[PDB]
Amino acid sequence: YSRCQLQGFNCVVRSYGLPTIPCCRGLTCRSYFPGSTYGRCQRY
């Protein structure tokens, strides 16, 4: 229970209120670029 996403997965830079579970500590979430609504997640 209480788990985080995986590495090399996708992310949501529009999830307002942080509704989607964010990657676990150590992983960051960036968008493919300014003007989109998606991105990826890696272990920093």
# chains A, B, ... in the order shown; residues from 1 in each chain; ligands from 1

$ residues_around --residues "residue 36 of chain A" --least-positions-apart "6" --cutoff "12 Å" --atoms "only C-alpha atoms" --output "PDB file with N, CA and C atoms, in the first residue's frame"
ATOM      1  N   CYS A  11       4.381  11.313 -16.672  1.00  0.00           N
ATOM      2  CA  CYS A  11       3.943  12.177 -15.539  1.00  0.00           C
ATOM      3  C   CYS A  11       2.907  13.186 -16.037  1.00  0.00           C
ATOM      4  N   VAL A  12       2.250  13.865 -15.138  1.00  0.00           N
ATOM      5  CA  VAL A  12       1.227  14.864 -15.556  1.00  0.00           C
ATOM      6  C   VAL A  12       1.601  16.239 -14.999  1.00  0.00           C
ATOM      7  N   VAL A  13       1.944  17.163 -15.855  1.00  0.00           N
ATOM      8  CA  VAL A  13       2.321  18.522 -15.373  1.00  0.00           C
ATOM      9  C   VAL A  13       1.064  19.390 -15.255  1.00  0.00           C
ATOM     10  N   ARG A  14      -0.091  18.799 -15.393  1.00  0.00           N
ATOM     11  CA  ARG A  14      -1.349  19.591 -15.288  1.00  0.00           C
ATOM     12  C   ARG A  14      -2.202  19.046 -14.141  1.00  0.00           C
ATOM     13  N   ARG A  30       9.335  16.095 -15.141  1.00  0.00           N
ATOM     14  CA  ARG A  30       9.458  17.304 -16.005  1.00  0.00           C
ATOM     15  C   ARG A  30       8.579  17.136 -17.245  1.00  0.00           C
TER      16      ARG A  30
END

$ select_by_dssp --residues "chain A" --states "strand (DSSP E or B)" --output "PyMOL selection string"
chain A and resi 9-11+28-31+39-42

$ closest_residue --among "A:5, A:10, A:42, A:37" --to "residue 23 of chain A" --atoms "only C-alpha atoms"
A:5

$ residues_around --residues "residue 25 of chain A" --least-positions-apart "3" --cutoff "9 Å" --atoms "only C-alpha atoms" --output "NGL selection string"
:A and (4 or 22 or 28 or 43)

$ atom_distance --atom1 "atom CA of residue 44 of chain A" --atom2 "atom CA of residue 8 of chain A"
10.4 Å

$ atom_distance --atom1 "atom CA of residue 3 of chain A" --atom2 "atom CA of residue 33 of chain A"
27.4 Å

$ closest_residue --among "A:7, A:20, A:15, A:2" --to "residue 41 of chain A" --atoms "only C-alpha atoms"
A:7

$ closest_residue --among "A:38, A:24, A:19, A:31" --to "residue 6 of chain A" --atoms "only C-alpha atoms"
A:24

$ decode --residues "segment 1-30 of chain A" --atoms "N, CA, C and O atoms" --output "PDB file, in the first residue's frame"
ATOM      1  N   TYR A   1       0.861  -1.218   0.000  1.00  0.00           N
ATOM      2  CA  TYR A   1       0.000   0.000   0.000  1.00  0.00           C
ATOM      3  C   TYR A   1       0.883   1.249   0.000  1.00  0.00           C
ATOM      4  O   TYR A   1       2.081   1.175   0.195  1.00  0.00           O
ATOM      5  N   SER A   2       0.302   2.399  -0.220  1.00  0.00           N
ATOM      6  CA  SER A   2       1.110   3.651  -0.233  1.00  0.00           C
ATOM      7  C   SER A   2       2.363   3.438  -1.084  1.00  0.00           C
ATOM      8  O   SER A   2       3.467   3.403  -0.581  1.00  0.00           O
ATOM      9  N   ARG A   3       2.200   3.294  -2.371  1.00  0.00           N
ATOM     10  CA  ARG A   3       3.383   3.079  -3.251  1.00  0.00           C
ATOM     11  C   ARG A   3       3.561   4.286  -4.177  1.00  0.00           C
ATOM     12  O   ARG A   3       2.734   5.175  -4.220  1.00  0.00           O
ATOM     13  N   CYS A   4       4.634   4.319  -4.918  1.00  0.00           N
ATOM     14  CA  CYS A   4       4.868   5.463  -5.844  1.00  0.00           C
ATOM     15  C   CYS A   4       4.935   4.943  -7.280  1.00  0.00           C
ATOM     16  O   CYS A   4       4.932   3.751  -7.519  1.00  0.00           O
ATOM     17  N   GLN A   5       4.992   5.823  -8.241  1.00  0.00           N
ATOM     18  CA  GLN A   5       5.060   5.372  -9.659  1.00  0.00           C
ATOM     19  C   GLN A   5       6.361   4.596  -9.881  1.00  0.00           C
ATOM     20  O   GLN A   5       7.051   4.244  -8.946  1.00  0.00           O
ATOM     21  N   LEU A   6       6.702   4.325 -11.111  1.00  0.00           N
ATOM     22  CA  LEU A   6       7.957   3.573 -11.386  1.00  0.00           C
ATOM     23  C   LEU A   6       8.965   4.495 -12.076  1.00  0.00           C
ATOM     24  O   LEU A   6       8.692   5.653 -12.322  1.00  0.00           O
ATOM     25  N   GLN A   7      10.128   3.991 -12.387  1.00  0.00           N
ATOM     26  CA  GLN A   7      11.151   4.838 -13.058  1.00  0.00           C
ATOM     27  C   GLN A   7      10.966   4.759 -14.576  1.00  0.00           C
ATOM     28  O   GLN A   7      10.509   3.766 -15.105  1.00  0.00           O
ATOM     29  N   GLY A   8      11.314   5.802 -15.280  1.00  0.00           N
ATOM     30  CA  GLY A   8      11.156   5.785 -16.763  1.00  0.00           C
ATOM     31  C   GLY A   8       9.671   5.713 -17.114  1.00  0.00           C
ATOM     32  O   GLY A   8       9.283   5.097 -18.088  1.00  0.00           O
ATOM     33  N   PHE A   9       8.836   6.336 -16.330  1.00  0.00           N
ATOM     34  CA  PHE A   9       7.374   6.305 -16.617  1.00  0.00           C
ATOM     35  C   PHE A   9       6.924   7.678 -17.124  1.00  0.00           C
ATOM     36  O   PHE A   9       7.732   8.520 -17.462  1.00  0.00           O
ATOM     37  N   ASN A  10       5.643   7.910 -17.175  1.00  0.00           N
ATOM     38  CA  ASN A  10       5.142   9.229 -17.655  1.00  0.00           C
ATOM     39  C   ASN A  10       4.699  10.067 -16.455  1.00  0.00           C
ATOM     40  O   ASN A  10       4.644   9.589 -15.338  1.00  0.00           O
ATOM     41  N   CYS A  11       4.381  11.313 -16.672  1.00  0.00           N
ATOM     42  CA  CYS A  11       3.943  12.177 -15.539  1.00  0.00           C
ATOM     43  C   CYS A  11       2.907  13.186 -16.037  1.00  0.00           C
ATOM     44  O   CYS A  11       2.702  13.349 -17.224  1.00  0.00           O
ATOM     45  N   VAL A  12       2.250  13.865 -15.138  1.00  0.00           N
ATOM     46  CA  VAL A  12       1.227  14.864 -15.556  1.00  0.00           C
ATOM     47  C   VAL A  12       1.601  16.239 -14.999  1.00  0.00           C
ATOM     48  O   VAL A  12       1.581  16.463 -13.806  1.00  0.00           O
ATOM     49  N   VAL A  13       1.944  17.163 -15.855  1.00  0.00           N
ATOM     50  CA  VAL A  13       2.321  18.522 -15.373  1.00  0.00           C
ATOM     51  C   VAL A  13       1.064  19.390 -15.255  1.00  0.00           C
ATOM     52  O   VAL A  13       1.142  20.583 -15.041  1.00  0.00           O
ATOM     53  N   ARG A  14      -0.091  18.799 -15.393  1.00  0.00           N
ATOM     54  CA  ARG A  14      -1.349  19.591 -15.288  1.00  0.00           C
ATOM     55  C   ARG A  14      -2.202  19.046 -14.141  1.00  0.00           C
ATOM     56  O   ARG A  14      -3.228  19.602 -13.799  1.00  0.00           O
ATOM     57  N   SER A  15      -1.789  17.961 -13.544  1.00  0.00           N
ATOM     58  CA  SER A  15      -2.579  17.383 -12.421  1.00  0.00           C
ATOM     59  C   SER A  15      -2.728  18.424 -11.308  1.00  0.00           C
ATOM     60  O   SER A  15      -1.909  18.511 -10.413  1.00  0.00           O
ATOM     61  N   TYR A  16      -3.766  19.214 -11.354  1.00  0.00           N
ATOM     62  CA  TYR A  16      -3.965  20.248 -10.297  1.00  0.00           C
ATOM     63  C   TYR A  16      -4.391  19.566  -8.994  1.00  0.00           C
ATOM     64  O   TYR A  16      -5.155  18.622  -8.998  1.00  0.00           O
ATOM     65  N   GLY A  17      -3.901  20.039  -7.879  1.00  0.00           N
ATOM     66  CA  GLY A  17      -4.278  19.415  -6.581  1.00  0.00           C
ATOM     67  C   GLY A  17      -3.471  18.131  -6.375  1.00  0.00           C
ATOM     68  O   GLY A  17      -3.730  17.358  -5.474  1.00  0.00           O
ATOM     69  N   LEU A  18      -2.495  17.898  -7.213  1.00  0.00           N
ATOM     70  CA  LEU A  18      -1.670  16.665  -7.073  1.00  0.00           C
ATOM     71  C   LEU A  18      -2.574  15.458  -6.797  1.00  0.00           C
ATOM     72  O   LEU A  18      -2.438  14.805  -5.782  1.00  0.00           O
ATOM     73  N   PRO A  19      -3.470  15.195  -7.716  1.00  0.00           N
ATOM     74  CA  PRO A  19      -4.408  14.064  -7.606  1.00  0.00           C
ATOM     75  C   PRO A  19      -3.705  12.756  -7.981  1.00  0.00           C
ATOM     76  O   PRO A  19      -3.903  11.732  -7.358  1.00  0.00           O
ATOM     77  N   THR A  20      -2.888  12.785  -8.998  1.00  0.00           N
ATOM     78  CA  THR A  20      -2.170  11.550  -9.418  1.00  0.00           C
ATOM     79  C   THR A  20      -0.987  11.302  -8.479  1.00  0.00           C
ATOM     80  O   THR A  20      -0.342  12.223  -8.022  1.00  0.00           O
ATOM     81  N   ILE A  21      -0.696  10.062  -8.189  1.00  0.00           N
ATOM     82  CA  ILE A  21       0.447   9.758  -7.281  1.00  0.00           C
ATOM     83  C   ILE A  21       1.762  10.140  -7.972  1.00  0.00           C
ATOM     84  O   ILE A  21       2.055   9.648  -9.043  1.00  0.00           O
ATOM     85  N   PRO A  22       2.521  11.004  -7.341  1.00  0.00           N
ATOM     86  CA  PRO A  22       3.812  11.464  -7.880  1.00  0.00           C
ATOM     87  C   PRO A  22       4.898  10.411  -7.638  1.00  0.00           C
ATOM     88  O   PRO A  22       4.853   9.673  -6.674  1.00  0.00           O
ATOM     89  N   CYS A  23       5.873  10.336  -8.502  1.00  0.00           N
ATOM     90  CA  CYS A  23       6.956   9.331  -8.312  1.00  0.00           C
ATOM     91  C   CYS A  23       7.450   9.388  -6.864  1.00  0.00           C
ATOM     92  O   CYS A  23       7.226  10.353  -6.161  1.00  0.00           O
ATOM     93  N   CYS A  24       8.115   8.361  -6.412  1.00  0.00           N
ATOM     94  CA  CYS A  24       8.616   8.361  -5.009  1.00  0.00           C
ATOM     95  C   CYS A  24       9.803   9.320  -4.885  1.00  0.00           C
ATOM     96  O   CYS A  24      10.342   9.786  -5.869  1.00  0.00           O
ATOM     97  N   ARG A  25      10.209   9.618  -3.682  1.00  0.00           N
ATOM     98  CA  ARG A  25      11.359  10.548  -3.491  1.00  0.00           C
ATOM     99  C   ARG A  25      12.555  10.059  -4.312  1.00  0.00           C
ATOM    100  O   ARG A  25      12.804   8.875  -4.416  1.00  0.00           O
ATOM    101  N   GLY A  26      13.297  10.962  -4.890  1.00  0.00           N
ATOM    102  CA  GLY A  26      14.479  10.548  -5.700  1.00  0.00           C
ATOM    103  C   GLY A  26      14.146  10.667  -7.189  1.00  0.00           C
ATOM    104  O   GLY A  26      15.024  10.736  -8.027  1.00  0.00           O
ATOM    105  N   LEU A  27      12.886  10.687  -7.526  1.00  0.00           N
ATOM    106  CA  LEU A  27      12.501  10.800  -8.963  1.00  0.00           C
ATOM    107  C   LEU A  27      11.869  12.173  -9.216  1.00  0.00           C
ATOM    108  O   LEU A  27      11.100  12.667  -8.421  1.00  0.00           O
ATOM    109  N   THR A  28      12.191  12.789 -10.321  1.00  0.00           N
ATOM    110  CA  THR A  28      11.607  14.128 -10.622  1.00  0.00           C
ATOM    111  C   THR A  28      10.625  14.005 -11.789  1.00  0.00           C
ATOM    112  O   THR A  28      10.632  13.038 -12.523  1.00  0.00           O
ATOM    113  N   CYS A  29       9.775  14.984 -11.967  1.00  0.00           N
ATOM    114  CA  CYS A  29       8.794  14.925 -13.087  1.00  0.00           C
ATOM    115  C   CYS A  29       8.893  16.206 -13.919  1.00  0.00           C
ATOM    116  O   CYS A  29       8.575  17.284 -13.457  1.00  0.00           O
ATOM    117  N   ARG A  30       9.335  16.095 -15.141  1.00  0.00           N
ATOM    118  CA  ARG A  30       9.458  17.304 -16.005  1.00  0.00           C
ATOM    119  C   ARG A  30       8.579  17.136 -17.245  1.00  0.00           C
ATOM    120  O   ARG A  30       8.222  16.039 -17.622  1.00  0.00           O
TER     121      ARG A  30
END
